[PDB]
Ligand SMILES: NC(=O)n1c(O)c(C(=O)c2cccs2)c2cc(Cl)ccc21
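Next comes just one chain, in structure tokens: the form deposited without this ligand.
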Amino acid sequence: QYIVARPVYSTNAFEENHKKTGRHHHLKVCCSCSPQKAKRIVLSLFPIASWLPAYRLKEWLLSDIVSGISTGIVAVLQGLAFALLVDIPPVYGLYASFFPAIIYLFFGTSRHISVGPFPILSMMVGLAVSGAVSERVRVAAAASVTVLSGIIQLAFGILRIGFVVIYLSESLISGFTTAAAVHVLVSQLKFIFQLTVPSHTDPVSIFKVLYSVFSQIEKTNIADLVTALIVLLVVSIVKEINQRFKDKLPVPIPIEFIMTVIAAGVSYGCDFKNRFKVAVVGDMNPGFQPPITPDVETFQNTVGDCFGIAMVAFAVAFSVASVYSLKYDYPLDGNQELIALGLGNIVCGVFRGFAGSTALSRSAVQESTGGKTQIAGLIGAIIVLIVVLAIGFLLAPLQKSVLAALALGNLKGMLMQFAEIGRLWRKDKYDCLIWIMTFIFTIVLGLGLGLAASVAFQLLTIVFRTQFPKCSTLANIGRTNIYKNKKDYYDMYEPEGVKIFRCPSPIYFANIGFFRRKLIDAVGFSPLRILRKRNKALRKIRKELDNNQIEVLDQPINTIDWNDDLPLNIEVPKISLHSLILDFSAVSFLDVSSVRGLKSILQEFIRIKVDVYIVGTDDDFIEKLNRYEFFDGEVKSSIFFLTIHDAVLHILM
């Protein structure tokens, strides 16, 4: 059974019978050079010196040839299809899937990540250029939003503050990216229907596009729509074949290559360019561009949106890479992800590309084909190299909506997150409000400002959880040490005069007005009204008054018991209370707005000659109240006890 025979401990009669350890509680141990300290700094800022000299060549090379080619053809056709969401020339989407792939080979700490562009940052870059102009003024201003968002990411992995991704819950991540998969689905209607839409901008940007597209819906094309519904149907159902047959199917079907060759083959020979009037990708010039210096007139007016691109490029890079970090069991450094993607978006921004990070629909192509290391991300950048230099004379008959339909086949994973009202409403109803208020703020205020006002509302639902706590009143079940809520069981014996209270929440500025109101409700009387009625009855003994003298009615009584008949017609109220336990077990923290309100209600309750105890606090909660100066000659330190049946056994003896 359960037998205890210890004496009654009062947390100051416990720290004298049982001595503490008295153990000692920065700028010398860290700022100190050592031959064993700078070894693991250089091999942690440059981690290619930790997987390249240990490379299993017989086992990992042939899996990294066939999985670097299979993500090379995906990186080309996704690269051209994301340069159109920014409305720059399409060759600038192959300078953004090659230059971050070389830099992340050296400084990168993840091993199953294919780095390039991805459609949530082809719009946040695409909406920042329209907010920095007001194609030569858009190429040179999309490659200066990249350098600004690569300096902010580099100056966050140097200050070692790469724990910012914990401020984004899964309801805020599955609410933002579901609303970002509608902005992608809407802004890819300029290229399927072949309509000339102006570049909209500020708030409510999706309904400005839907008003401009559907006002020209009689001017669409039939040779540009039946080839974006044949492509959208086949590459969806063949991708349905692959994820249904992940077994019994080695090296699954590359539908993103064999559909383009059909579509670029039919457009050269049936002459879709001059028979119909369909837009095609132009003739790209073979070769790179000279580097450019970013201008300050682009930095000044879009400094508020490169704090949005720099915290979206990392929150996708740390959500995707942590999927393969718990699957293949290797440690992942969250600050090396900020340096290797701060240097990727500076080199690719200087060399005229645009911003980007890892894509979930491309990293799963590298991971499922058999990519073991980031050598499959190097050979996935030799094929983007040979397309730029050598074979760029192909992909000119590509029909500019085969590209705009391949980027709509990837929106199955990000639009099936709508079945979270069907789950979070039945479960939480606070994290179903963060899903709704993120889907509304993003689709109205835009992508960039829909994350500032959604994180700030996500922090209002920690205050809403602990604003009106369920304050209780406890009682004893079975003459033992079990103290549970009084309105729940049957034989609960609460003793004579004792009134156990319980606040199951941390007490702070949003919580002390409710705890003080509920304590004087669940005790029967207010303690300040009965101090003033006693002092009025004491002044009548020694014998009303105006203002500035009511301050003497709240003084402590200095002389009777105030419970029997007073010898004149005096009607001061009586109380049966003579103790008040407080269960501070579930209280996590106090602050200076809650200590000054708790000290106020312990001082009223003591001057009525009601002994107030506080019960359940650990070692750190009492050692912090020594620093608020909570204790004085009235509120002693012998009011703290250990457990509830410890304090009640002290009252009855």
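For clarity, a rigid core is taken as the largest C-alpha set superposing within 1.5 Å between two forms. Numbering starts at 1 and runs along the sequence shown.
Beyond the structure shown, there is the form solved in complex with this ligand, which is absent from this document and is the topic of what follows.
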So the ligand isn't in this model. With this ligand brought over in the deposited bound form through superposition of the site C-alphas, is the pocket blocked (at least 3 atoms within 2.4 Å of backbone or C-beta) or open? blocked
In the deposited bound form, the one of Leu341, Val125, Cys348, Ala81 near this ligand [non-hydrogen atom within 4.5 angstroms]: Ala81
Would you mind picking the one in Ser361, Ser325, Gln336, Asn535 that has a heavy atom within 4.5 Å of this ligand in the deposited bound form? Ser361
Any chance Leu77 has a heavy atom within 4.5 Å of this ligand in the deposited bound form? yes
Does this ligand get within 4.5 angstroms of any non-hydrogen atom of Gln374 in the deposited bound form? no
So in the deposited bound form, does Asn511 come within 4.5 Å of this ligand, heavy atom to heavy atom? no
Residue contact check: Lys239 to this ligand in the deposited bound form, 4.5 Å heavy atom: yes
Based on heavy atom distances of 4.5 Å or less, which listed stretch (577-585, 515-523, 483-491, 254-262) is in contact with this ligand in the deposited bound form? 254-262
Listed by sequence position, which residues of 401-420 have a non-hydrogen atom within 4.5 angstroms of this ligand in the deposited bound form? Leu403, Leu406, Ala407, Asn410
In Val463, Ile440, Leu159, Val251, the 2 Å or greater C-alpha shift between the shown form and the other one, rigid core superposed, occurs only at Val251
